[PDB]
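Colleague: Sequence first, structure after; it's an experimental one.
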Amino acid sequence: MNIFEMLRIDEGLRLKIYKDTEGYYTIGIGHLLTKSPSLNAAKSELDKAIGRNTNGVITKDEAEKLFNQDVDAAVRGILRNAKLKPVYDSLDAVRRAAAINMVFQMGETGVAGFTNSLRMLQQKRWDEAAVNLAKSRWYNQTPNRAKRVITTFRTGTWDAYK
Ligand SMILES: CSc1ccc([N+](=O)[O-])cc1
């Protein structure tokens, strides 16, 4: 297991434009295209991302290329964020993957309300962190995925993904 395999499980792979759990146009391995309700706007974003006229369909190699870029950018963003860097740097590699997973799903703004969870994680209060993480819109809207990510933070193992 690693962040790539973990997100591939949580996000799936679809080669045609689809709507994510929030109803937003997406492609590949959970690559958010736009929050615009315009399918034409999403198609434009897709074309821009891939560098060709895709007509709303991409290949597996193309999906994987976007995915690698997205994981990389998620990490680089974390390292540039004064609220996230300290916690990320304090974590072991397995729990780092859990952090990247959350940022990938919700974005940095999406994780702004997690200040108290973040402190518990930095403190290595794992069971307490796990309890606090579940007190969230995230947990309620995507409970199965949230439970896997939370288990990963609680245990520092890949048990939830085996
Ligand atoms: C509870 S959300 C979150 C976001 C980032 C990190 N991080 O260590 O970069 C951890 C948790």
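Modeller: On my side now, so go ahead. Residues are numbered from 1 along each chain as shown.

Colleague: switch to C-alpha atoms for all contacts and neighbour counts from now on
Modeller: Will do.

Colleague: By residue count, which helix of this structure is the longest?
Modeller: When the chain is parsed with DSSP state H, its longest helix is helix 60-80.

Colleague: same for it, what does it pack against?
Modeller: Contacts defined by 3 or more Cα pairs under 8 Å, 6 or more residues apart in numbering; DSSP states H and E place helix 60-80 against strand 25-28, strand 31-32, helix 39-50, helix 85-90, helix 93-110.

Colleague: Just the buried residues of it, please?
Modeller: 63, 64, 66, 67, 70, 71, 74, 75, 77, 78, 79 (16 or more other Cα atoms under 10 Å).

Colleague: Intersect those residues with the contacts of the ligand.
Modeller: Contacts with the ligand within these, counted by Cα under 6 Å from any ligand atom: residue 78.

Colleague: nearest to the ligand, of the buried residues of helix 60-80?
Modeller: Distances from the ligand to the buried residues of helix 60-80, taken as Cα to the nearest ligand atom, are shortest for residue 78 (5.3 Å).

Colleague: number of nearby residues for the residue nearest to residue 122 when sequence neighbours are not counted?
Modeller: Nearest residue to residue 122, sequence neighbours excluded (Cα to Cα, 6 or more residues apart in numbering): residue 87, at 5.1 Å. Neighbour count of residue 87, defined by other Cα atoms under 10 Å: 20.

Colleague: same deal with residue 8?
Modeller: The local packing of residue 8 (other Cα under 10 Å) involves 16 other residues.

Colleague: List the contacts of stretch 119-134.
Modeller: 86-87, 90-91, 114, 116-118, 139-140, 146, 150-151, 153-155 (Cα atoms under 8 Å, 6 or more residues apart in numbering).

Colleague: Kindly provide the distance from residue 2 to the ligand.
Modeller: 16 Å (Cα to the nearest ligand atom, to the nearest Å).

Colleague: Contact partners for the residue positioned nearest the centre of the chain?
Modeller: Geometric centre of the chain, nearest residue: residue 104, 2.3 Å, by Cα atoms, centre = their mean. The contact partners of residue 104, by Cα under 8 Å, 6+ apart, come to 70, 71, 74.
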